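**Q** One structure, pasted below without further comment.
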Amino acid sequence: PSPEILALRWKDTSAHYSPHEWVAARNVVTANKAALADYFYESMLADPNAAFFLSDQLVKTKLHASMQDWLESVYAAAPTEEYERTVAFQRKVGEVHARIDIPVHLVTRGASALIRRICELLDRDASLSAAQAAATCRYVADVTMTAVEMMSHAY
Amino acid sequence: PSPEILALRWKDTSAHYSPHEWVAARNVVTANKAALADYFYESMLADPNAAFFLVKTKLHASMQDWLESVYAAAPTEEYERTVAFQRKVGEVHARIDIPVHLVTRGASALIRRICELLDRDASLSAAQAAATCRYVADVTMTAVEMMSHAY
Ligand code: HEM
Ligand code: HEM
């Protein structure tokens with residue numbers, strides 16, 4: 001399924017939501033990416049299965065500073081109309097993960113932790129009505145699980 | 001990969017939400033057990049990828065039991081029950097080489113149609129409806145991961 005075909009799936013997903021949701025989310029996620037990357041990394045030390053794959057020094061440069069640009073790839077695609085660029089990024093990361101038999105259930109695990117944590121930021125952000133913080137959190141979960149689905153194409 | 005460990009995981013995820021969130025969802029899920037199984041199945045036909053793999057009767061009911069299972073776990077505290085079944089379901093899909101990325105496709109689809117129904121439900125304050133939709137998306141994904149075990 002080429003990135004022309006898989007673009008339209010990202011687009012049609014993002015189109016369930018207003019521009020206000022797209023940007024709202026994007027702003028919160030760039031505002032706190034490095035902090036959201038730390039929280040991710042720590043979450044999968046806590047998991048021993050996942051900790052096996054982290055030799056406690058590989059993140060120093062790679063995993064912390066990379067998880068950042070993932071968060072930008074994902075949350076900008078829609079407000080930029082740059083879908084096939086983003087979708088392409090996801091297959092690379094999916095293929096990287098699959099090459100080293102990183103079990104897919106742990107990715108879905110991580111997708112879920114981020115979603116709970118990004119919504120927690122949306123919640124604690126006082127510059128929004130709870131109606132808005134709600135609708136953004138929805139978008140967040142949808143696009144994460146859209147991305148993860150595509151990351152999962154390499155199995 | 002013990003169920004006792006897993007069961008515990010189900011408890012914590014759903015502990016993030018109020019009991020009112022658990023029963024509201026269950027209500028709407030079971031109020032539409034048929035229409036939801038019909039939606040999921042017809043959503044597979046649209047795509048060729050899944051349509052590859054499609055007796056419906058067995059399907060139509062076995063989705064209807066999964067739903068009943070997923071939203072029974074928290075309000076009844078039978079986590080082991082609900083887990084053990086997610087474990088089985090995945091191992092079936094597995095041996096058929098049903099690609100993982102699609103179990104997630106229809107998972108996301110059910111979530112979106114479930115919240116639509118929660119938007120429409122005026123027994124609920126919009127606050128609750130959002131809350132409930134969130135529960136629904138989290139717990140589905142939680143099921144999804146457990147299904148995705150040993151793939
Ligand atoms: C939502 C979930 C996840 C996202 C968004 C994510 C993101 C990324 C990205 C962007 C890269 C860089 C790959 C590249 O472009 O070259 C990467 C690499 C990697 N990720 Fe993940 N990841 C996720 C889940 C996981 C999980 C659950 C583990 C658990 C073990 C993991 C372990 C790794 C490792 C080890 C590498 C580098 C491979 C190596 O050099 O040994 N990731 N990840
Ligand atoms: C969220 C996603 C899904 C859920 C919750 C789900 C649920 C179920 C359940 C509960 C069963 C009964 C398993 C058993 O008898 O023990 C089942 C069987 C089956 N599912 Fe799924 N399913 C999902 C996705 C898919 C997808 C994407 C396909 C794509 C083709 C698929 C095809 C089947 C087939 C063919 C069987 C029956 C196998 C057989 O009896 O020969 N399912 N599913």
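Chain identifiers are assigned as A, B, and so on, following the order in which chains appear in the structure tokens; residues are numbered from 1 within each chain, and ligands are numbered from 1 in order of appearance.
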Let me have all residues with an atom within 9 Å of ligand 2, counting only C-alpha atoms and all ligand atoms, laid out as a PyMOL selection string.
**A** chain B and resi 40-41+44+49-56+58-67+85-86+88-93+96+98-110+140-141+143-144+147
**Q** Give me, as a PyMOL selection string, all polymer residues having an atom no more than 9 Å from residue 69 (chain B), counting only C-alpha atoms and skipping those fewer than 6 positions away in the same chain.
**A** chain B and resi 81-83+85
**Q** Fewer than 5 positions away in the same chain doesn't count, so skip those; otherwise give me all residues within 12 Å of residue 126 (chain B), counting only C-alpha atoms, as a list in words.
**A**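 That gives residues 130, 131, 132, 134 and 135 of chain A; 115, 118, 119, 120, 121, 131, 132 and 133 of chain B.
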**Q** Do you know which residues are within 7 Å of ligand 1 using only C-alpha atoms and all ligand atoms? Can you write them as an MDAnalysis selection string?
**A** chainID A and resid 44 50:51 53:54 63 66:67 70 92:93 96:97 102 106:111 148
**Q** Using only C-alpha atoms, determine which residues lie at most 9 Å from residue 68 (chain B), disregarding the query and same-chain residues fewer than 5 positions distant; provide the list as a ChimeraX atom specification.
**A** /B:26,29-30,33,63
**Q** Restrict the selected residues to N, CA and C atoms and save them as a PDB file, in the first residue's frame.
**A**
```
ATOM      1  N   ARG B  26     -20.911   0.712  28.546  1.00  0.00           N
ATOM      2  CA  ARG B  26     -21.530  -0.619  28.528  1.00  0.00           C
ATOM      3  C   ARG B  26     -22.967  -0.532  28.035  1.00  0.00           C
ATOM      4  N   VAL B  29     -22.808   0.297  24.289  1.00  0.00           N
ATOM      5  CA  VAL B  29     -22.269  -0.866  23.593  1.00  0.00           C
ATOM      6  C   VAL B  29     -23.346  -1.919  23.476  1.00  0.00           C
ATOM      7  N   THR B  30     -23.986  -2.284  24.588  1.00  0.00           N
ATOM      8  CA  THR B  30     -24.998  -3.367  24.579  1.00  0.00           C
ATOM      9  C   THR B  30     -26.338  -2.947  23.977  1.00  0.00           C
ATOM     10  N   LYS B  33     -25.310  -3.705  20.193  1.00  0.00           N
ATOM     11  CA  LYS B  33     -24.437  -4.875  19.937  1.00  0.00           C
ATOM     12  C   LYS B  33     -24.531  -5.359  18.482  1.00  0.00           C
ATOM     13  N   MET B  63     -18.107 -11.164  17.519  1.00  0.00           N
ATOM     14  CA  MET B  63     -17.881  -9.726  17.728  1.00  0.00           C
ATOM     15  C   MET B  63     -18.843  -9.238  18.804  1.00  0.00           C
TER      16      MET B  63
END
```
**Q** I want to know what sits within 7 Å of residue 154 (chain A), based on only C-alpha atoms, with residues of the same chain fewer than 4 positions away left out; could you give that as a PyMOL selection string?
**A** chain A and resi 94-95+98
**Q** Measuring between only C-alpha atoms, which one of A:34, A:133, A:7, A:45 shows the shortest distance to chain B?
**A**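 Between A:34, A:133, A:7, A:45, the residue approaching chain B most closely is A:133.
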**Q** What residues in chain B get the DSSP label helix (DSSP H, G or I)? Please answer as a VMD selection string.
**A** chain B and resid 3 to 15 19 to 31 33 to 46 48 to 51 56 to 70 73 to 76 79 to 95 100 to 120 126 to 147
**Q** Residues of chain A within 6 Å of chain B: nearest atom pair and distance (Å, one decimal) for each, counting only C-alpha atoms, sorted by chain and number, as a Markdown table?
**A**
```
| residue | atom | partner | partner_atom | distance |
| --- | --- | --- | --- | --- |
| A:105 | CA | B:145 | CA | 4.9 |
| A:108 | CA | B:145 | CA | 5.9 |
| A:149 | CA | B:101 | CA | 5.0 |
| A:152 | CA | B:101 | CA | 5.1 |
| A:153 | CA | B:101 | CA | 5.7 |
```
**Q** Quick one: residues within 12 Å of residue 27 (chain A), only C-alpha atoms counted, chain neighbours fewer than 2 positions away excluded, as a list in words?
**A**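 Counting only the stated atoms, we get residues 20, 21, 22, 23, 24, 25, 29, 30, 31, 32, 33, 71, 72, 75, 76, 79, 118, 121, 122, 125, 127 and 136 of chain A.
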**Q** Give me the residues within 9 Å of residue 8 (chain A) as a list in words, counting only C-alpha atoms and dropping any in the same chain fewer than 4 places off.
**A**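 Result of the neighbour search: residues 3, 4, 12, 13, 83 and 84 of chain A.
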**Q** What gap, in Å, lies between CA of residue 2 (chain B) and CA of residue 14 (chain B)?
**A**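 A separation of 19.2 Å between them.
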**Q** So which one's closest to residue 136 (chain B), B:117, B:25, B:97, B:31? Using only C-alpha atoms, please.
**A**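 So, comparing all the options, the nearest one is B:25.
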**Q** Report, in Å to a single decimal, how far apart CA of residue 147 (chain A) and CA of residue 59 (chain A) are.
**A**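 Computed distance, CA of residue 59 (chain A) to CA of residue 147 (chain A), equals 21.6 Å.
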**Q** Report, in Å with one decimal, the straight-line distance from CA of residue 70 (chain B) to CA of residue 21 (chain B).
**A**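 Atom-to-atom, CA of residue 70 (chain B) and CA of residue 21 (chain B) are spaced 13.5 Å apart.
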